[PDB]
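So basically every Cβ, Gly included, is an ideal-geometry build from the backbone, and we count neighbours across all protein chains shown. Bear in mind these aren't lab numbers, they're just calculated from the coordinates by the rules spelled out.
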Amino acid sequence: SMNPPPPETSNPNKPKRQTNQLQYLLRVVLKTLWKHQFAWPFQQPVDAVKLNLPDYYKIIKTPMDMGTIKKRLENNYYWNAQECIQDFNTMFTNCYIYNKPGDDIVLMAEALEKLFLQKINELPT
Ligand SMILES: COCc1nc2cnc3cc(-c4c(C)noc4C)c(OC[C@H]4CCNC4)cc3c2n1[C@H](C)c1ccccc1
């Protein structure tokens, strides 16, 4: 009936680094997806209270969104680039679990995922 607290976006107890791959994930990958026509349902956690989706957090136990990913990159939350790529993959997979194949929101997610896969295939050394 209530929303869960959003995912953690900062942890001072975890070591921090800047890498070319982490910089690419913020400046190219997230930037590209964030400005997309279909980004907006994915820019913040699913508000299941406001959207009247009482079953959402009854089946989605690893929620993820691009608002969370943006803050995690900004706060140096990720040590390895694959940690960030996994969060994008979790966000897409969650959409493909809760929603029937061919649904409006699934088609929007698929359009974003096509662009995501192109950019990850060009991830720098
Ligand atoms: C008219 O209301 C406007 C509106 N704002 C938002 C914000 N976030 C939404 C997130 C989702 C969503 C995602 C992603 N992954 O799982 C879910 C569930 C969303 O899904 C709609 C499906 C659930 C049941 N059938 C469609 C909608 C969000 C949303 N919306 C509306 C409800 C909306 C509906 C369809 C497509 C885009 C936006």
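Numbers below:
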read-out: Over the chain, relative contact order from alpha-carbon pairs under 8 Å, at least 6 apart, %; value: 36
read-out: Relative frequency of Cα-Cα separations exceeding 19 Å in the chain, percent; value: 48
read-out: Total charge dipole magnitude, the range 4-125, about the Cα centre, Cβ charges on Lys, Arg, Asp, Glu only, Debye to nearest 20; value: 420
read-out: Computed lengthening from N13 to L53, 0.36 nm per intervening residue step minus Cα-Cα distance; value: 10.9 nm
read-out: Amide N proximity, the range 35-65 versus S1 label position 7 Å along Cα-to-Cβ, cut-off under 20 Å; value: 47-60
read-out: Positive-end extreme of charge dipole, the chain - chosen from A109, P45, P124 (charges on Cβ); value: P124
read-out: In the chain, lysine pairs closer than 23 Å at Cα, eight or more apart or cross-chain; value: 27
read-out: Stretchable slack from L115 to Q37, in nm (0.36 nm times residue separation minus alpha-carbon distance); value: 26.9 nm
